[PDB]
Amino acid sequence: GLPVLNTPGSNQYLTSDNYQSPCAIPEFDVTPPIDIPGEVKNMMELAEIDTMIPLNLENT
Amino acid sequence: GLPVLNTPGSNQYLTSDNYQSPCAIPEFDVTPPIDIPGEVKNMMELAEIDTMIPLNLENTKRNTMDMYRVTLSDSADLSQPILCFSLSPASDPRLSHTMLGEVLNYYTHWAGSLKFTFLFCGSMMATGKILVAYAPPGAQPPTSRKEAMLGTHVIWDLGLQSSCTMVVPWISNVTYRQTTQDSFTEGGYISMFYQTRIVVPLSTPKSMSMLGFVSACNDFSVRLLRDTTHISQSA
Amino acid sequence: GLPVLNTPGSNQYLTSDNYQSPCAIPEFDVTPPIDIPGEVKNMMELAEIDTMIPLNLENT
Amino acid sequence: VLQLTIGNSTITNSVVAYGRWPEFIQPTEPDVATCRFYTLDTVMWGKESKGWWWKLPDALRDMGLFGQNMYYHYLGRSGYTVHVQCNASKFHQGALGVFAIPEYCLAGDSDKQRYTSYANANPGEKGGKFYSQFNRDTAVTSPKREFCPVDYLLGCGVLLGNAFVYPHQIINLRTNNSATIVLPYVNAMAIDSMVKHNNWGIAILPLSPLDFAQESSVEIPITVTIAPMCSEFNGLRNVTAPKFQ
Amino acid sequence: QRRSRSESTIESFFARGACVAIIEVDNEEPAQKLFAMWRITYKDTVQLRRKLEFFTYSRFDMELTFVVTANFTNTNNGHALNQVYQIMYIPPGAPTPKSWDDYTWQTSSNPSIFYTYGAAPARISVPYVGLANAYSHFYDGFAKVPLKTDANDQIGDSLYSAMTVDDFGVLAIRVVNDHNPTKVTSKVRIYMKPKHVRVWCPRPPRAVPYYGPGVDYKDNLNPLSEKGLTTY
Amino acid sequence: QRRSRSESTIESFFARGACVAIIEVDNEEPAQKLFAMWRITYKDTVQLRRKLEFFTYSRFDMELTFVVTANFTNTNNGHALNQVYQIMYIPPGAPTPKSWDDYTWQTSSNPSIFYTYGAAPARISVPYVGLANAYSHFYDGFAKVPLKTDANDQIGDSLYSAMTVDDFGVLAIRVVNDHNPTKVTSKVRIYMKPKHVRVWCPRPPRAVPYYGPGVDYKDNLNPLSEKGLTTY
Ligand SMILES: CCCCCCCCCCCCC/C=C/[C@H](O)[C@H](N)CO
Ligand SMILES: CCCCCCCCCCCCC/C=C/[C@H](O)[C@H](N)CO
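Respectively, the protein sequence lines represent chains C, C', C'', B, A and A'. A prime marks a further copy of an entry chain. Residue numbering for the first sequence is 1 to 60, as defined by the authors' numbering. Residue numbering for the second sequence is 1 to 235, as defined by the authors' numbering. Residue numbering for the third sequence is 1 to 60, as defined by the authors' numbering. Residue numbering for the fourth sequence is 82 to 93, 99 to 111, 121 to 340, as defined by the authors' numbering. Residue numbering for the fifth sequence is 66 to 95, 99 to 300, as defined by the authors' numbering. Residue numbering for the sixth sequence is 66 to 95, 99 to 300, as defined by the authors' numbering.
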């Protein structure tokens with residue numbers, strides 16, 4: 001059919017890649033989401049929250 | 001799915017290929033660049049920069065600071081040449097280790113005009129004329145002023161100007177010359193002679209030193225990147 | 001990614017094929033051509049040229 | 082050639103390094128206290144001199160209020176104007192190559208790598224001197240941990256002849272007696288610490304040996320005057336007191 | 066002007082993949101090299117190092133290609149099934165493996181490549197991950213300054229021209245497969261290709277053999293060869 | 066006119082891949101052939117040489133295809149894992165390997181192909197890399213001229229019809245894998261395909277066996293066979 005050339009990196013699994021994969025459960029009616037309070041969109045949102053500091057770290 | 005045919009060359013790694021590859025750190029906020037002075041866009045920009053030539057490579061003078069100094073004198077033999085070297089900007093010992101030669105030794109082919117700047121570093125009371133000649137290849141390497149005269153040349157008055165620019169134009173049978181010693185792409189010869197003499201008054205140093213610099217012109221170009229022979233690693 | 005099917009003939013080298021291949025010396029400034037006399041565009045041009053015949057092929 | 086006035090200091099070809107003039111990017124900017132010519136200690140060029148080297152801004156660490164701002168603040172940036180003066184008679188002959196090397200890293204004297212100490216790597220206004228050969232340190236008990244620059248290797252494993260790729264000026268006594276280089280701020284960051292990082296290195300090499308008439312020994316002075324330009328500091332805190340020993 | 070400079074460009078000058086490291090990983094019955105940690109840098113080799121040190125500052129996106137070559141070691145007729153190699157990137161601060169089956173191999177957030185032997189060399193790309201606005205091939209300074217108030221000289225003692233101890237982390241390479249009854253020894257060669265390269269402040273090339281990660285020189289300090297002054 | 070000449074065109078005449086070299090590379094315990105350097109040319113074989121020498125000048129972009137075939141050598145039950153072959157192009161001037169593990173194999177700027185055995189033959193393309201405006205199959209001259217002032221006759225002595233000693237460099241082929249306990253011998257066959265071919269100054273084809281890189285002839289100089297003058 002269409003002539004293709006296998007480039008280096010083929011048949012490798014990179015855990016940080018973003019590739020489309022086949023669905024093992026096609027035509028699945030996923031439960032719709034609800035408006036749950038406390039949605040987080042970024043991890044730095046948690047860091048912006050003040051939290052207490054273990055200032056004293058003596059042995060006792 | 002889509003029928004495909006694996007063509008020859010598949011599953012090979014060519015170190016000079018240009019293929020897209022997966023990113024191991026996606027969504028990375030790279031540090032933005034700033035306007036750093038001295039940006040270089042081409043390697044020939046470095047070659048265009050004049051750099052001093054190790055003209056003198058005697059046993060007791062090479063690999064020192066004396067290898068960049070060529071001694072001129074009023075007592076010198078006016079018949080013999082001052083310095084002589086082949087126009088091989090990548091294989092000649094005097095030009096190979098220059099910046100131009102260093103850039104060339106990363107390429108297999110070169111083509112363009114050269115520029116040799118000779119600087120006189122004597123006293124302001126010293127005067128003289130120097131004949132700087134380029135001889136295209138094919139004939140005997142000029143062993144006398146009467147021969148070097150016949151080729152391209154320039155006369156340089158030491159008293160008036162302390163620096164002279166001898167431009168060697170691109171004259172070649174081939175469109176590109178090799179950066180390796182080859183009699184078929186031989187470039188020519190460069191020679192220097194005393195046109196009149198160096199004349200100095202009393203209470204003046206009778207021996208002086210001249211420096212040489214080599215550079216590439218805007219027409220210069222290189223081809224077929226390769227690995228330099230200058231740097232080696234013990235394995 | 002894109003689902004593909006390897007057709008028969010894959011991974012074969014046919015010496016008469018016409019496939020694109022990677023360039024081992026990219027960005028190479030090839031020497032430009034000149035108008036050399038005697039350019040040949042077909043091999044039958046050579047055949048059209050008259051050439052002498054070894055009509056006599058005796059032993060001596 | 083012409084008057085060169087900066088702040089309250091005036092000096093009677100000048101090359102701008104990389105064709106870039108010093109420029110600014121709440122940084123503290125002393126427009127007068129720091130923008131002025133400070134004169135380093137004079138050195139003596141003889142017939143057996145191999146060369147000299149200084150590090151900027153290290154050479155100006157004890158120069159007026161510039162040093163005080165450098166030590167008090169955390170990170171600062173500054174361009175420079177280097178002026179090398181060497182006056183000789185018509186009957187003197189010689190040539191000095193003045194090179195402004197960005198990130199002028201130098202080689203050590205011991206087999207141990209990158210073992211040079213801060214005190215030795217920051218000589219100050221006195222600077223250092225190149226050597227004809229490489230003298231390997233043999234004091235294992237008390238290593239000197241000092242640089243061992245080599246004149247023809249430029250102290251960095253490169254050939255001296257190619258050093259002209261750097262910003263440079265040639266003082267040839269027959270034609271000129273002074274050189275002037277204008278260095279912008281060069282670094283991988285818009286602003287960096289000055290106490291620990293030196294942005295520039297000024298190397299003066301006697302390309303052609305000094306000679307005068309038929310005299311056996313001749314020596315003439317070389318004076319270096321450096322003017323910080325567009326210097327701005329940031330991160331004010333208690334004063335830094337480096338251990339120079 | 067018809068001759069071009071397309072091949073002398075900075076991008077073309079670095080458009081070749083240079084080997085920067087060879088790592089030995091052995092699979093055998095568990099003093100051993102079942103996992104190998106290699107610190108990332110181009111200074112283990114001279115060619116690419118010399119090419120990069122033509123300039124003072126650089127900014128480039130990297131492309132890494134891993135070529136794995138396996139062999140038997142004194143095998144009589146002991147054989148092995150096709151092996152899978154795990155190459156895990158450990159940036160500074162992340163925990164480092166202490167064994168070939170440590171929890172750190174889970175690669176929950178550390179990127180990793182699982183390469184099957186006999187397949188194409190494993191290739192990935194990295195962006196410019198420099199803390200500053202450009203990489204610094206040469207750093208004329210220290211990271212610590214010895215102060216007058218320091219209790220001892222070792223507090224402020226730092227290597228010359230050393231910026232950070234952990235520059236960009238390490239790569240830990242192991243064989244995921246359990247040990248076959250026969251030993252199998254593999255070499256992973258890493259080839260580094262700069263791309264989208266920008267450079268600043270050109271420098272003269274190295275003229276003498278490299279001695280360590282710095283500008284230090286120790287031997288072979290007489291590069292130029294003998295030649296007559298007036299000999300063509 | 067309905068019969069066409071599409072197959073007699075110069076492009077079609079050279080559109081086949083011709084073997085130009087067979088190189089033997091052996092992997093064994095390190099007088100040996102662990103790396104083989106082959107000088108690039110089509111004159112090691114006669115077919116493509118004869119086809120090209122139909123003309124005096126040529127200009128074509130080349131396509132190289134490498135077919136690697138490995139075998140055991142007296143193995144009893146010693147076996148090997150799949151091998152990777154490194155084919156490095158060394159143009160004139162670049163350093164040449166002195167061993168199979170030399171630094172020159174780093175391929176910092178020399179292009180190289182890493183081919184995994186059992187995969188498709190490794191194919192790459194090269195442009196017209198000629199110094200002149202066209203390749204010269206025949207060069208009626210020398211590269212050096214002996215002059216009256218030459219000290220000795222050897223200064224100007226040069227081979228007839230030889231232009232450059234190092235025409236286009238060499239290919240160095242090695243096995244990247246370390247030596248297995250059993251020897252493995254491989255043959256790399258290089259197939260050269262001209263493309264975008266242009267030719268000038270047609271010449272009569274060679275009628276006698278080639279003897280060396282030139283027009284020299286030594287034997288079998290009686291090509292035509294016996295036939296009667298008036299015999300049909
Ligand atoms: C399994 C995935 C592998 C991920 C690999 C990420 C490694 C990140 C390293 C990027 C930069 C390394 C080389 C470039 C930096 C140069 O050494 C600079 N000149 C630093 O001095
Ligand atoms: C691993 C990458 C391999 C790169 C191979 C590049 C080799 C370059 C050679 C190109 C031309 C070779 C054959 C054509 C030239 C003919 O022999 C001419 N007639 C010369 O006389």
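No residue lacks a Cβ here, since even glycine has one placed at the ideal position from N, Cα and C.
In this structure, the C-beta of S126 (chain A') approaches ligand 2 to less than 7 angstroms from one of its heavy atoms. Annotation: Cβ neighbours of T184 (chain A') in chain C' (cutoff 7 angstroms, chain order): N11.
At least 8 angstroms separates the CB of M166 (chain C') from every CB of chain B.
Among the residues of chain A, those whose CB is under 7 angstroms from the CB of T15 (chain C) are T175, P179 and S180, following chain order. Closest in alpha carbon position to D74 (chain C'), among C':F85, C':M125 and C':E39, is C':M125.
Straight-line spacing of the CA atoms in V235 (chain B) and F242 (chain B) works out to 16 angstroms. With fewer than 16 other CB atoms across the displayed protein chains lying within 10 angstroms of its CB, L160 (chain C') is exposed.
The three-state secondary structure of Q66 (chain A'), taken from DSSP, is coil. In the three-state reduction of the DSSP assignment, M43 (chain C') falls in the coil class, being assigned neither a helical nor a strand state. At least one heavy atom of ligand 1 lies less than 7 angstroms from the C-beta of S180 (chain A). A straight-line Cα-Cα distance of about 52 angstroms links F122 (chain A') and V253 (chain B).
Judged by DSSP in its simplified three-state form, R257 (chain A') adopts strand.
In the structure shown, the three-state DSSP call for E109 (chain B) is coil. About 29 angstroms separates the Cβ atoms of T51 (chain C') and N201 (chain A), ruling out a contact at the 8 angstroms cut-off. The contact set of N6 (chain C) on chain A, defined by CB atoms closer than 8 angstroms, consists of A188 in chain order. Against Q195 (chain C'), chain A' offers no close residue; the least beta-carbon distance is about 24 angstroms (beta-carbon pairs closer than 8 angstroms). A distance below 6 angstroms between beta-carbons, with the five flanking residues on each side excluded, links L149 (chain A') to no residue of its chain. For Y167 (chain B), the enclosing alpha helix (DSSP H) begins and ends at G159 to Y167. Close to chain B, meaning a Cβ-Cβ distance shorter than 9 angstroms, are the following residues of the segment 205–217 of chain A: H205, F206, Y207, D208, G209, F210, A211, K212, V213, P214, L215, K216 and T217. Closest in alpha carbon position to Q309 (chain B), among C':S203, C':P136, C':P8 and C':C217, is C':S203. A straight-line Cα-Cα distance of about 11 angstroms links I49 (chain C) and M43 (chain C). For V174 (chain C'), there is no enclosing alpha helix (DSSP H), since its DSSP letter is neither H nor E. Closer than 7 angstroms to some heavy atom of ligand 2: that does not describe the Cβ of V114 (chain A'). For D227 (chain C'), the closest Cβ of chain A is nearer than 8 angstroms. For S293 (chain A'), there is no enclosing beta strand (DSSP E), as DSSP gives it neither H nor E. Counting only the Cα atoms, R117 (chain A') lies some 6 angstroms from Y110 (chain A'). Flagged as an interface residue toward chain C': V281 (chain B), by a C-beta distance shorter than 8 angstroms. Out of B:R332, B:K185 and B:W148, the CA that lies nearest to the CA of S123 (chain C') is found in B:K185. Bridge partners of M105 (chain A') according to DSSP: A':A240. Between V193 (chain B) and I297 (chain B), the gap from beta carbon to beta carbon is short of 8 angstroms.
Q115 (chain A) carries a helical assignment under DSSP once its states are collapsed to helix, strand and coil. Around the beta carbon of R94 (chain C'), 16 or more other beta carbons sit within 10 angstroms, so the residue counts as buried.
Taking 7 angstroms as the cut-off, one finds no heavy atom of ligand 1 near enough to the beta carbon of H153 (chain C').
Not a single C-beta of chain C'' is nearer than 8 angstroms to the C-beta of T137 (chain A'). Out of A:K166, A:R274, A:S126 and A:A162, the CA that lies nearest to the CA of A104 (chain A) is found in A:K166.
Listed as beta-bridge partners of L14 (chain C') by DSSP are A':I181.
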